[PDB]
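These notes are about the structure you will find just below.
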Amino acid sequence: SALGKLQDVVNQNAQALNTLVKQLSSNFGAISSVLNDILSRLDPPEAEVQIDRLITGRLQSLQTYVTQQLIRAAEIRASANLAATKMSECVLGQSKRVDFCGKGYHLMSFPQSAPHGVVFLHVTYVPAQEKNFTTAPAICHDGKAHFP
Amino acid sequence: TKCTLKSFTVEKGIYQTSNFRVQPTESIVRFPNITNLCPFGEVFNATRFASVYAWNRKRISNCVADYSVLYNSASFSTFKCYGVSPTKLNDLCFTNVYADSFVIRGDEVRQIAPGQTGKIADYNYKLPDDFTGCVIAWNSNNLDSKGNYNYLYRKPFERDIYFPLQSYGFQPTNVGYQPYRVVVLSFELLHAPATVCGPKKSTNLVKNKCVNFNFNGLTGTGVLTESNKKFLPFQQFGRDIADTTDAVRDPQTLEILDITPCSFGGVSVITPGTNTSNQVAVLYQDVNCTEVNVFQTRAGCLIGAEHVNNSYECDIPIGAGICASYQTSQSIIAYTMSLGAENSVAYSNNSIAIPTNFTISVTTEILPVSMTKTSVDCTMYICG
Amino acid sequence: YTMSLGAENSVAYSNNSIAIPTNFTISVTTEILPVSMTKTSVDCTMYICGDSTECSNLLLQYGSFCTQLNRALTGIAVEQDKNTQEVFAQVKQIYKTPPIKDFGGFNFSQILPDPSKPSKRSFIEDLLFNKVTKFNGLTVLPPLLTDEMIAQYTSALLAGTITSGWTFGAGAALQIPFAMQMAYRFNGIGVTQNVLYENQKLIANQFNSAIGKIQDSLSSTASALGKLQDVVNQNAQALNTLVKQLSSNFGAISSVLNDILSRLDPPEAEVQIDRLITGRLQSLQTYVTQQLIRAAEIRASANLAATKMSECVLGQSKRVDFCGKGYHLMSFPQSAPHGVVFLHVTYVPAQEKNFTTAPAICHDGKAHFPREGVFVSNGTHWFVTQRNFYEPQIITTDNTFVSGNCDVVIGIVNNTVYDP
Amino acid sequence: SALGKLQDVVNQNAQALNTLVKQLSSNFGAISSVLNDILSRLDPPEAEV
Amino acid sequence: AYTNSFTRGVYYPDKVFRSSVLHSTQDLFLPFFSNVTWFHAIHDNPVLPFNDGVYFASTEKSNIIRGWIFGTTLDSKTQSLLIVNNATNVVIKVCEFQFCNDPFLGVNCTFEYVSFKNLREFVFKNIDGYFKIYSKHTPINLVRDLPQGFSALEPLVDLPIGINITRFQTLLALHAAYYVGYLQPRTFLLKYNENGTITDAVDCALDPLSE
Ligand SMILES: *[C@@H]1O[C@H](CO)[C@@H](O[C@@H]2O[C@H](CO)[C@@H](O)[C@H](O)[C@H]2NC(C)=O)[C@H](O)[C@H]1NC(C)=O
Ligand SMILES: *[C@@H]1O[C@H](CO)[C@@H](O[C@@H]2O[C@H](CO)[C@@H](O)[C@H](O)[C@H]2NC(C)=O)[C@H](O)[C@H]1NC(C)=O
Ligand SMILES: *[C@@H]1O[C@H](CO)[C@@H](O[C@@H]2O[C@H](CO)[C@@H](O)[C@H](O)[C@H]2NC(C)=O)[C@H](O)[C@H]1NC(C)=O
Ligand SMILES: *[C@@H]1O[C@H](CO)[C@@H](O[C@@H]2O[C@H](CO)[C@@H](O)[C@H](O)[C@H]2NC(C)=O)[C@H](O)[C@H]1NC(C)=O
Ligand SMILES: *[C@@H]1O[C@H](CO)[C@@H](O)[C@H](O)[C@H]1NC(C)=O
Ligand SMILES: *[C@@H]1O[C@H](CO)[C@@H](O)[C@H](O)[C@H]1NC(C)=O
Ligand SMILES: *[C@@H]1O[C@H](CO)[C@@H](O)[C@H](O)[C@H]1NC(C)=O
Ligand SMILES: *[C@@H]1O[C@H](CO)[C@@H](O)[C@H](O)[C@H]1NC(C)=O
Ligand SMILES: *[C@@H]1O[C@H](CO)[C@@H](O)[C@H](O)[C@H]1NC(C)=O
Ligand SMILES: *[C@@H]1O[C@H](CO)[C@@H](O)[C@H](O)[C@H]1NC(C)=O
Ligand SMILES: *[C@@H]1O[C@H](CO)[C@@H](O)[C@H](O)[C@H]1NC(C)=O
Ligand SMILES: *[C@@H]1O[C@H](CO)[C@@H](O)[C@H](O)[C@H]1NC(C)=O
Ligand SMILES: *[C@@H]1O[C@H](CO)[C@@H](O)[C@H](O)[C@H]1NC(C)=O
């Protein structure tokens with residue numbers, strides 16, 4: 001389960017194709033889901049009505065599939081832009097942006113290829129062991145305030 | 001869940017599978033208690049019918065109309081209904097009924113129908129294209145035939161009282177030219193005070209209970225309660241935004257009843273993976289624990305999960321801060337999700353904490369970059 | 001009229017004139033970002049064919065149209081909770097402010113939670129919540145994180161910020177006095193920390209006044225909450241249109257399925273119900289497509305809000321106008337209905353003066369360049385001063401570095417560089 | 001070709017409008033694509049269909 | 001003599017109860033701020049065309065106007081709806097009554113029914129042979145013209161007379177000015193209050209603001 005959205009995209013696309021394929025078995029009101037069966041049983045005056053029902057159903061199914069694909073392609077484009085930005089500003093350089101390159105202070109990143117995706121190995125510096133100290137905003141030496 | 005997912009293995013989580021719906025207990029039929037019988041006798045057994053140019057229009061109101069005897073009677077050559085089915089006339093009932101009685105030649109019967117045109121459907125009798133009713137015709141060659149020259153032919157429902165007026169001769173030796181006694185029953189189905197209703201006995205009304213009601217032909221299912229909505233004396237039905245009926249007036253007792261749909265809601269099944277256990281917890285969304293180890297949450301009624309005071313990280317989200325999990329003997333538990341351990345910061349105006357050490361951490365971030373480049377031949381898909 | 005693009009302002013530019021602010025103002029700005037939207041769920045079978053066996057059987061001929069619409073709406077609903085979790089659950093612990101509010105003159109009682117309320121929300125959070133406000137298979141699922149949990153997350157973020165700077169966002173939370181934290185932030189924008197340690201009272205007064213003006217703006221302007229209320233209005237209009245679509249005929253004799261069933265036998269009852277099913281299914285598909293398109297936008301806005309939280313609250317941003325106009329000092333998160341509100345505290349220079357400047361200075365034939373800041377002249381004497389605040393100092397060998405000679409730099413001037 | 005996506009947007013919008021306009025000439029199963037022609041030849045009962 | 005109709009002529013279009021909702025309806029209403037022909041009853045009852053419907057209003061102080069006549073010829077040649085309100089009885093007849101040259105009251109029948117300070121408004125229209133009457137009785141204190149205000153009209157009578165109506169006339173009791181408008185298929189947006197009473201209306205074709 002480490003690879004999340006990357007496998008989620010594959011699952012969504014496969015499910016969309018499966019639904020599109022399964023839509024070919026529906027009647028949409030026609031006497032039979034098989035266009036060859038409708039053609040071999042009816043004269044053109046009624047075969048036209050049955051085929052019109054089937055055409056309407058299948059065309060609307062295709063339109064639904066294409067609209068879903070466009071909406072998902074927009075999301076994938078946004079994610080690809082995010083990946084390009086991360087590559088440029090995290091692998092090709094050092095990022096000062098907080099949590100843009102993993103939790104902590106970013107040191108460097110290494111790109112790795114993944115199926116229909118990219119995997120980043122963000123190396124970050126994380127402070128570990130603390131101690132309490134008494135601090136002071138400034139220090140007097142000869143009446144003059146010294147700042148670090 | 002297994003049937004809904006079209007799979008024999010169910011992953012851990014919460015799935016919406018079916019819909020809970022309260023069922024009615026008994027049916028309520030309510031009509032005005034008028035014992036009068038509609039005078040179809042004086043319309044269908046009349047001695048003489050009028051001509052097609054001046055057909056008589058009889059008003060039928062404030063009576064019970066028994067259409068079953070008319071339907072079963074074998075004297076009728078044709079009985080075509082266009083607005084309503086003949087077998088539904090006993091349940092459905094109408095505000096007013098119009099019976100147009102006149103005599104038509106044998107070949108012109110087909111012209112008495114909505115959407116029809118010709119020398120009869122357009123000149124001496126026109127029916128609306130949205131006509132709701134029935135056309136009844138039977139042969140009268142043994143009552144009207146002679147030569148019988150008292151019958152003459154010349155906007156919808158218009159009575160138009162080298163002449164454009166012509167007559168035919170009725171003789172017994174003339175089928176397609178023999179006299180036909182054709183009567184058109186016209187009904188209006190506007191929601192209004194009903195005066196003509198069929199021979200169906202009314203029943204007593206039950207309030208505060210999910211029932212299958214029937215008010216003057218307006219059918220539905222819901223719970224009937226007394227309401228404080230001031231119907232005006234001419235008002236019979238109330239409506240909601242979605243055009244569905246919201247309130248009704250009882251035709252027998254002049255009181256207003258509020259109609260509320262019987263309780264319903266989605267059913268969610270909270271289960272760990274079938275690889276782990278076959279025990280499930282069921283959530284009835286947005287319903288009370290009345291109509292359904294019962295836990296009441298703002299997301300609905302949760303049954304099968306034991307409420308636990310201890311809070312943990314969310315495992316299977318439910319809603320409104322409640323999460324469920326499979327925990328120890330093991331069973332499904334319900335709890336409020338924990339946002340994390342509380343950590344008070346020892347703040348003061350002259351204390352600073354500085355790390356004396358560090359650790360190098362490598363994290364992993366996965367980002368989609370592309371998806372499958374599918375292409376569908378639309379012509380082959382639709383019309384292979 | 002023709003609209004005006006703004007007042008014209010000619011800039012007094014010349015090759016040896018520089019303007020340096022002598023004072024400053026602390027300005028707190030408000031940015032509202034939608035995070036999530038209503039988690040609606042529509043029972044497609046009940047919407048199209050409510051309590052009708054004949055209509056349900058006819059609808060079964062259309063395949064998985066009903067199930068795929070349900071699937072899309074469920075995906076949107078889950079994505080909403082994902083957005084909220086991503087934006088707000090960016091802190092691994094629930095911090096809390098110390099019982100004594102000794103923050104060096106900075107008053108945070110306006111944005112810290114008020115213990116006396118039944119829900120520990122700040123006064124500004126209450127202002128935000130008080131400004132922003134069926135039976136056909138259309139249900140609204142409750143969000144996973146309650147408003148109390150959102151308030152707890154924002155309180156944790158605010159307490160962690162106030163008591164530990166960016167250290168809690170980086171790793172473990174490290175306590176630090178708030179005056180020292182503000183000195184850190186001032187060093188972050190190229191202004192020496194002595195400025196803060198000398199003008200602490202003035203800066204605290206300006207911050208408190210700005211927070212009070214935020215009170216005034218939120219309590220007086222209803223239109224301040226913009227896109228956040230726009231999303232609510234759009235969702236309400238979409239649901240209203242979907243509900244009103246049930247009253248349409250779509251060519252059938254009646255819009256009432258029960259009326260059609262009670263009047264007709266199956267042979268044409270099926271045709272009428274087919275027309276109604278086609279119309280209502282088209283309406284559902286339109287609603288679902290609009291919801292997906294708007295959910296993508298809300299997801300983008302939630303990602304922007306998470307980025308702003310991480311790079312503006314958990315740290316200090318050098319990106320211009322990413323955290324309000326001016327030089328960013330810090331931000332404070334606040335919860336809003338289906339959204340988040342940021343209070344960006346920024347440093348804005350106020351009062352300027354004209355000075356004569358020089359790229360370098362000759363002392364002994366060698367060109368001296370400022371280590372930090374620029375050379376300025378009050379007319380007779382030359383000083384080196386930092387860029388964003390007028391603080392002239394004697395030009396010494398500790399302020400400048402030597403590079404090259406006088407014959408290369410264009411515009412070099414003569415002066416004396418004091419040697420300690 | 002230096003200006004890319006900027007001209008691409010214009011092309012896409014123009015193609016969308018052209019397709020929308022050309023859709024007016026389709027029959028969709030009707031006897032004619034001209035609404036005036038359908039109205040002037042048929043009475044309401046099937047003119048409505 | 002003309003005057004301004006203001007916001008008068010609003011009646012309940014159907015017999016369905018609605019509450020706290022803005023409903024748009026397509027029905028024969030009186031246009032807002034239109035001209036209604038004004039007649040006097042001092043010291044004046046032509047036969048007025050019926051057109052597509054009529055709005056009738058009157059202001060009363062001694063119950064002078066008490067009846068109406070509807071028909072085409074109004075000379076016993078065709079069925080004529082007749083309404084008379086004498087004393088405390090409301091009388092409606094449909095007989096082919098023989099009318100005088102100047103019909104007024106001194107101080108084949110197929111249906112019959114027997115039951116300034118006052119403003120009485122009435123609406124008369126025929127649809128599919130159905131004769132509907134909408135009315136509202138409200139007290140006023142004004143004599144010069146019809147008062148300004150909004151008050152919906154409810155239906156009281158629904159007669160299936162089936163008469164073709166083209167002209168009508170008013171009956172005067174001689175020992176109260178009245179106004180006559182006309183209805184058009186205009187679009188109205190009706191504001192139903194909590195109790196279901198139409199309190200406000202918007203004439204969609206009155207001006208771009210109402211649009
Ligand atoms: C910088 O501007 C601030 C204004 O915010 C000045 O502070 C004001 O000083 C006057 C006295 O000169 C007081 O009456 C005001 O009440 C102060 N305002 C605030 C908000 O405290 C400050 O003096 C200016 N500094 C310089 C060097 O010009
Ligand atoms: C921070 O500002 C708040 C104002 O919002 C101060 O709270 C007020 O304190 C005065 C006492 O001088 C009371 O009379 C008011 O009723 C308080 N207002 C509210 C809304 O509680 C608060 O005292 C300030 N903090 C400090 C440390 O001075
Ligand atoms: C430019 O700055 C110098 C240094 O501050 C000014 O010289 C001082 O002026 C003050 C008057 O306020 C005298 O009290 C000091 O004795 C002067 N010191 C030196 C070393 O000159 C000078 O007057 C300023 N000139 C202008 C035009 O502002
Ligand atoms: C800065 O001072 C130097 C001398 O230290 C000036 O150099 C003089 O330039 C003129 C013109 O080229 C020559 O005639 C002199 O001989 C130079 N002086 C010496 C000592 O060689 C220079 O001009 C000064 N710059 C400015 C802007 O005043
Ligand atoms: C600093 O002092 C506080 C006082 O309670 C304590 O909780 C904290 O652990 C101390 N810091 C470290 C690093 O131990
Ligand atoms: C007409 O009379 C016959 C018997 O002559 C009877 O059977 C029939 O029911 C009557 N018509 C009606 C409508 O009752
Ligand atoms: C129904 O019967 C009741 C008596 O039980 C009566 O009061 C009522 O008027 C009847 N309904 C009608 C419409 O006559
Ligand atoms: C459930 O019903 C009880 C009354 O029996 C009521 O007190 C409670 O508020 C109801 N809860 C919900 C969620 O409807
Ligand atoms: C939680 O604890 C309280 C008091 O200790 C008790 O009343 C309540 O029943 C507990 N809840 C559960 C689910 O056991
Ligand atoms: C600098 O000089 C220009 C000359 O026009 C003047 O407009 C400007 O106001 C001066 N700067 C300041 C801060 O006054
Ligand atoms: C700056 O510009 C002025 C003209 O206004 C000119 O006299 C002077 O020499 C210039 N100085 C430099 C260093 O370019
Ligand atoms: C109404 O009559 C007045 C004259 O009194 C006239 O000015 C006005 O234009 C008329 N309005 C309409 C709508 O006929
Ligand atoms: C509705 O009628 C009641 C009579 O009981 C009255 O008290 C109330 O004010 C009315 N409400 C409105 C909005 O007219």
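Numbers run from 1 along the shown chain.
Heads up, header says this was done by electron microscopy, 3.4 Å.
The backbone N, Cα and C atoms fix where each Cβ goes, and this holds for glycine too.
Summarising the annotation, Swiss-Prot assigns disulfide bond to A:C90-A:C101 and lists experimental evidence as the type of evidence. Among the features that Swiss-Prot reports, N-linked glycosylation site is placed at A:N132, with the record citing experimental evidence.
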Helix, strand or coil at A:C101 (disulfide bond) [DSSP, three-state]: coil
Reduced DSSP assignment, A:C90 (disulfide bond): helix
Secondary structure at the residue listed as 'N-linked glycosylation site', reduced by DSSP to three states: strand
All-chain count of other Cβ atoms within 10 Å of A:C101 (disulfide bond): 25
Annotated recorded positions A:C90, A:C101, A:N132, filtered by Cβ under 6 Å to ligand 11: none
